[PDB]
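Comments concern the structure below.
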RNA sequence: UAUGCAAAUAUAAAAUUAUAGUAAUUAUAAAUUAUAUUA
Ligand SMILES: [Mg+2]
Ligand SMILES: [Mg+2]
Ligand SMILES: [Mg+2]
């Protein structure tokens with residue numbers, strides 16, 4: 098499977114999934130448009 | 007083949023597809039044909 | 020979004036590692052610089068750094084092309100002015116304003132002609148900037164050292180003729196009349212360098 | 082008067098040709114062609130009226146000042162006896178529209194629509210002529226004109242007066258008129274921009 | 009040491025294409041979505057099952073001008089030079105024949121005189137008529153047909 | 117609004133983009149359009165996606181049965197490209213889509229070498245043209 | 161040739177004795193015709209002028 | 486006869502099938518069905534650019550009529566050939582003697598000029614063409630060139 | 098020289114486009130006023146009743162076509178101080 | 001201004017200097033620098 102289906106459930110909006118499962122929702126300015134409602138995950142920031 | 011001619015008379019030639027596809031009515035046809043000009047080539051990493 | 024992808028909020032968006040060490044390069048390309056003017060490296064027109072480039076060397080002769088304002092400039096009416104000059108020089112008893120009328124007609128047209136040519140030329144500047152110019156991004160082709168590799172290819176040849184020996188070597192220049200001033204036994208013409 | 086140069090003809094671009102059955106060298110002392118074509122009629126008209134040329138039909142009606150199509154239609158209905166009264170005005174309109182551009186009228190738009198749908202679908206492969214017709218007929222639409230106005234607007238083609246005109250065109254609405262004219266999602270833009278749209282297009 | 013002005017911001021003329029090429033985004037997005045932690049954008053939901061073409065390669069990577077890289081953007085005459093010379097001669101001997109099919113735009117669902125005439129030209133050649141006489145004969149065919157038509161018109 | 121520019125390119129900048137009425141190529145175009153809006157894709161990437169999209173086996177050799185120099189007719193392209201903007205909700209007022217896509221083409225019709233473009237300036241890249249000289253732009 | 165001719169006295173050490181006679185053989189290009197291939201920028205703009213004035 | 490559904494005129498079809506199924510992606514029979522089907526429709530079914538004149542046919546309709554007159558519903562080989570024998574006997578003027586286009590069996594050389602040239606390699610060219618071999622009525626003194 | 102040639106060709110390739118747009122404009126004038134009219138505007142003698150008018154017009158064209166001798170400008174020679182270039186026809190600095 | 005003598009950049013190499021013990025390095029190129037007769 099080269100191109101797997103991934104996450105297919107539309108029961109909420111992309112922005113509601115994003116909101117619940119991701120801290121990334123709290124920082125709307127730090128994310129580009131292509132990734133905006135797309136992340137379900139928490140990200141760590143490390144300043145080198 | 008010394009003898010086989012019986013078949014030769016009702017025998018069938020193979021059909022002219024090259025000019026039939028040539029002379030098909032086309033949607034790029036022009037009253038007067040102009041050869042395209044030269045396309046941009048790649049002159050190497052410094053020139054592009 | 021609201022503006023270019025190669026330009027962010029503070030200036031040109033710094034892709035290569037040269038931009039991060041030298042970030043004067045992002046915000047200043049010269050004295051024709053404005054903020055909307057980053058990422059478009061050419062600046063307006065009639066303006067500093069507005070000149071389009073052709074294989075890296077800028078185009079500063081545009082008027083000279085359409086033959087407006089050049090020494091080689093195209094002249095509209097000659098036959099007229101010559102005719103009228105002839106009239107003036109021949110005699111003073113008869114004065115011909117007929118010639119001066121043909122001429123001033125000619126001029127009256129010439130004005131509009133010229134405005135047309137100028138307009139067409141500015142359209143050429145626009146087209147040349149869009150579809151030809153590299154915006155000063157490619158190496159100069161117009162001076163001999165830029166072609167060094169070419170000359171090298173020739174030096175190499177004259178070396179392989181010489182048994183792959185003397186590179187960049189040339190025949191000793193002899194004298195204005197080396198051939199006829201020299202006695203039997205001495206070289207009267209310049210030899211191949213390897214032959215010395 | 083003569084040019085500043087006298088040259089021979091510019092060479093003919095590849096792909097470029099003089100259209101078929103089109104006399105390239107024709108002079109005014111040539112004999113009048115028999116048929117009615119924009120060409121034959123315009124050369125004719127040059128011989129008759131001299132140098133009178135009008136951009137469109139309403140410009141002609143401008144120059145004659147108060148002469149409607151049908152009035153002249155009676156002159157021609159007199160001259161050619163077997164014509165109808167309708168065909169007599171039609172003759173005028175067809176002659177004028179050959180000498181100049183075709184008229185812009187609601188009537189002709191309607192006729193065009195009616196023929197377009199009297200023909201229906203066509204045997205063209207992608208229904209080609211039908212997409213032609215459809216794409217054209219939407220150019221004459223109200224909504225399209227509104228859009229043309231907004232586009233010329235975007236380019237700053239108006240002046241102060243146009244603006245105050247748009248303003249007081251807006252003030253004339255009620256909240257009710259807004260609710261009705263916002264239904265179309267376009268027409269309220271037309272109510273505001275009407276005069277300006279009419280100005281650009283005409 | 010004088011250099012062309014913008015060499016600082018000069019693009020990489022070999023590699024500046026790579027970043028934007030569809031396959032790259034297919035792979036990257038492919039292993040991004042695979043994570044389970046990314047909601048796939050819809051283009052991916054689509055080209056997932058219609059992946060792009062294989063052998064289209066840039067000219068930057070392959071240094072061949074003559075390589076026709078794209079099935080789409082390709083322009084090469086289907087007309088062999090002999091045909092070109094033939095219908096060009098036919099076309100220049102009469103403008104009517106050339107314009108007949110396409111005066112304004114090309115009407116491509118109707119047959120065209122240029123074509124019909126080329127057909128009956130080849131027909132004449134294989135019955136042994138030489139070049140000149142075959143051409144003038146086909147042209148006479150066209151002209152006589154047109155003569156019929158406009159007699160009717162009159 | 118840059119969307120209209122993109123669509124102008126897909127319509128006029130591509131020789132022979134197959135039959136654009138067919139539901140296959142049509143869906144390609146639809147999806148890519150909705151992906152240029154909402155910023156999910158670069159214009160360049162979506163364009164190279166469009167021209168590299170899968171159409172039909174032995175494409176060129178079927179193209180020899182229609183086209184001479186490989187230039188198809190541009191009606192199907194514009195009708196599809198307007199259709200997509202209408203069926204997607206792109207504009208608040210329906211007509212605007214078609215009008216703009218049409219208008220931007222008509223203005224470019226007068227330009228020298230109108231349907232060719234330098235590959236660097238054609239789309240988004242580090243260095244750009246000034247807003248007057250951009251190609252299907254409203255400011256030309 | 162020019163070398164040999166010179167040392168034999170059949171061609172002058174400077175100058176072209178046939179200069180006028182040879183003009184038929186050279187393509188003298190009239191400013192009135194237009195050769196689509198020229199590096200002459202004057203001729204092009206001249207014909208542009210001409211047609212525009214027409 | 487409906488022995489098969491599929492026909493094509495495309496050069497080197499096999500390569501195109503290969504490269505088309507390289508660009509394909511999944512193995513689900515939905516996908517497979519469509520890929521195969523689209524391949525078939527776009528090439529092997531004759532939707533476009535095909536005519537009845539152009540397909541190669543031995544049994545072209547007059548021939549069918551003849552066959553059914555001769556060989557249809559005959560209970561032996563013997564009956565078949567006394568039938569045939571009775572058909573050979575027909576005059577050229579009878580109603581029931583019907584004609585058809587015959588396919589010309591192709592010539593070897595295809596043109597008369599080709600005939601001469603082909604014949605000419607088994608022969609010896611003369612040094613001089615036929616019109617100047619015969620000595621002139623005037624006399625040409627042969628000099629050095 | 099090479100560089101400026103490759104500039105000239107670009108200019109020219111554009112000016113042939115300009116000239117085309119002009120000729121096209123002329124075509125549009127043709128189908129606005131009709132071909133013959135346009136020809137009239139261009140000096141066609143449709144008013145020439147007899148040959149004497151023709152010979153007047155052609156006498157005019159003759160007196161135009163006859164070329165008065167062109168006096169073509171030759172740039173003066175600039176004498177500078179130590180003469181780095183005695184090719185100097187202008188005051189611009191040169192790279193020796 | 002090529003009859004004596006005269007190998008020598010066209011690159012096979014291991015951080016700069018230095019006769020191969022001295023000093024601690026050196027070398028390097030596109031940021032920035034107002035007047036060259038264009039409608
Ligand atoms: Mg500067
Ligand atoms: Mg220096
Ligand atoms: Mg600098």
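Protein chains in written order, with the deposited numbering: chain V, 98 to 145; chain C, 7 to 54; chain R, 20 to 215; chain W, 82 to 283; chain U, 9 to 162; chain A, 117 to 256; chain H, 161 to 214; chain E, 486 to 630; chain Y, 98 to 193. Ideal placement from N, C-alpha and C gives every residue a C-beta, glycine not left out.
List the endpoints of the continuous alpha helix (DSSP H) containing residue 572/E. For residue 572/E, the enclosing alpha helix (DSSP H) begins and ends at 562 to 573.
Listed from N- to C-terminal order along the chain, which residues in the segment 93 to 114 of chain W have their beta-carbon within a distance smaller than 7 Å of any beta-carbon of chain C? Along the segment 93 to 114 of chain W, the positions whose C-beta sits under 7 Å from a C-beta of chain C are 95, 96 and 98, read in chain order.
Is it true that the CB of residue 108/Y sits closer than 7 Å to the CB of residue 201/H? Going by C-beta atoms, residue 201/H is nearer than 7 Å to residue 108/Y.
Indicate the three-state DSSP secondary structure (helix, strand or coil) for residue 136/V in the structure shown. Here residue 136/V carries a strand assignment [DSSP, helix/strand/coil].
Whose C-alpha, out of 213/W, 111/W, 118/W and 113/W, is nearest the C-alpha of residue 177/W? Ranking 213/W, 111/W, 118/W and 113/W by Cα distance to residue 177/W puts 118/W first.
Mapping DSSP to helix, strand and coil, what is residue 77/R? Three-state result, residue 77/R: strand.
Does any heavy atom of ligand 4 sit closer than 6 Å to the C-beta of residue 9/U? Here the bound small molecules are ligand 1, ligand 2 and ligand 3; ligand 4 is not part of this structure.
Contacts of residue 167/Y in chain R (Cβ-Cβ under 9 Å): Within chain R, the residues near residue 167/Y are 97 and 101.
Does DSSP classify residue 140/U as helix, strand or coil? The three-state reading of DSSP puts residue 140/U in helix, counting H, G and I together.
Counting only C-beta atoms, is residue 158/R closer than 7 Å to chain C at any point? Chain C, which has a Cβ nearer than 7 Å to the Cβ of residue 158/R, makes this yes.
Mind checking residue 190/Y: buried by the 16 CB within 10 Å criterion, or exposed? Around the Cβ of residue 190/Y, a 10 Å sphere holds fewer than 16 other Cβ atoms; the residue is exposed.
Ligand 1 site residues, beta-carbon cut 7 Å against heavy atoms: Listed along the chain, these residues meet the criterion: 49/R, 67/R, 68/R and 13/U.
Neighbour list for residue 104/V in chain U, Cβ cutoff strictly below 9 Å: Contact note: residue 104/V reaches chain U through 41, 44, 45, 46, 47 and 48, using a C-beta cutoff of 9 Å and chain order.
If the cut-off is 7 Å on Cβ atoms, which residues from the segment 130 to 148 of chain R count as contacting chain A, listed in chain order? The residues in question are 145, 146 and 148.
Does the beta carbon of residue 30/U sit closer than 7 Å to a beta carbon anywhere in chain E? Contact of residue 30/U with chain E is not assigned, every C-beta pair being separated by 7 Å or more.
For the segment 58 to 88 of chain U, which residues have a beta carbon sitting closer than 7 Å to at least one beta carbon of chain E? Residues passing the 7 Å Cβ filter: 59, 61 and 62.
Given residue 129/A, which residues of its chain have a CB within under 7 Å of its CB, disregarding the five upstream and five downstream residues? For residue 129/A, where only same-chain residues beyond five positions count, the Cβ hits under 7 Å are 231 and 233.
With a threshold of 7 Å between beta carbons, is residue 190/Y in contact with chain R? So no, residue 190/Y is outside the interface.
Which whole-angstrom value describes the C-beta separation of residue 520/E and residue 509/E, a residue pair presumed to lie in contact below a C-beta threshold of 8 Å? Cβ-Cβ separation between residue 520/E and residue 509/E: approximately 5 Å, consistent with a contact (criterion under 8 Å).
Local Cβ density within 10 Å of residue 620/E, reported as buried at 16 or more and exposed below that: Exposed: under 16 other Cβ atoms inside 10 Å.
Note down the Cα distance separating residue 33/C from residue 117/U, rounded to an integer number of angstroms. Roughly 8 Å separates the two Cα atoms.
Hey, could you find the ends of the alpha helix (DSSP H) residue 148/Y is sitting in? Per DSSP, residue 148/Y is one residue of the alpha helix (DSSP H) stretching across 148 to 162.
Quick check: the segment 166 to 173 of chain A against the segment 183 to 202 of chain A, are there 3 or more CB pairs under 8 Å? In short, these stretches do not touch, since the Cβ pair count stays below three.
Is it right to say residue 157/R is buried, meaning 16 or more other beta carbons lie within 10 angstroms of its own, or is it exposed? So residue 157/R counts as buried.
Residue 31/R - DSSP class collapsed to helix/strand/coil: Here DSSP, grouped into helix, strand and coil, assigns residue 31/R to strand.
Going by the CB atoms, is the gap between residue 76/R and residue 161/R shorter than 7 Å? In contact: residue 161/R and residue 76/R (Cβ atoms closer than 7 Å).
CA-CA distance, residue 536/E and residue 549/E? The alpha-carbon atoms of residue 536/E and residue 549/E are separated by roughly 19 Å.
Could you list the residues in the segment 172 to 198 of chain A with a C-beta less than 8 Å from some C-beta on chain E, going in chain order? Taking 8 Å as the cut-off between beta carbons, the residues of the segment 172 to 198 of chain A near chain E are 172, 173, 174, 177, 178 and 181, in sequence order.
Let me confirm a value: residue 165/R is counted as buried when at least 16 other C-beta atoms fall within 10 Å, else exposed. Which label applies? Exposure of residue 165/R is indicated by the presence of fewer than 16 other C-beta atoms within 10 angstroms of its C-beta.
For the alpha helix (DSSP H) that residue 235/W lies in, which residues bound it at each end? Its alpha helix (DSSP H) spans residues 223 to 235.
Beta-carbon neighbours of residue 100/Y, restricted to chain R and to distances below 8 Å: Going along chain R in sequence order, the residues near residue 100/Y (Cβ under 8 Å) are 73, 74, 76, 160 and 161.
Name the chain W residues whose beta carbon is nearer than 9 Å to that of residue 222/R? The structure shown has nothing for residue 222/R, since chain R only spans 20 to 215.
Using a Cβ-Cβ cut-off of less than 8 Å, give me the residues of the segment 150 to 162 of chain A that come near chain V, in sequence order. Using a CB distance below 8 Å, the part of the segment 150 to 162 of chain A facing chain V consists of 154, 155, 156 and 157, ordered along the chain.
Using the C-alpha atoms, what's the distance from residue 96/W back to residue 117/Y? If I take the Cα positions, the gap works out to 12 Å.
How big is the Cα-Cα spacing for residue 505/E and residue 58/U? Taking the straight line joining both Cα atoms gives about 12 Å.
Between residue 46/R and residue 57/R, how many whole angstroms is the CB-CB distance? I'm expecting something under 8 Å. The Cβ separation is near 7 Å, so the contact holds.
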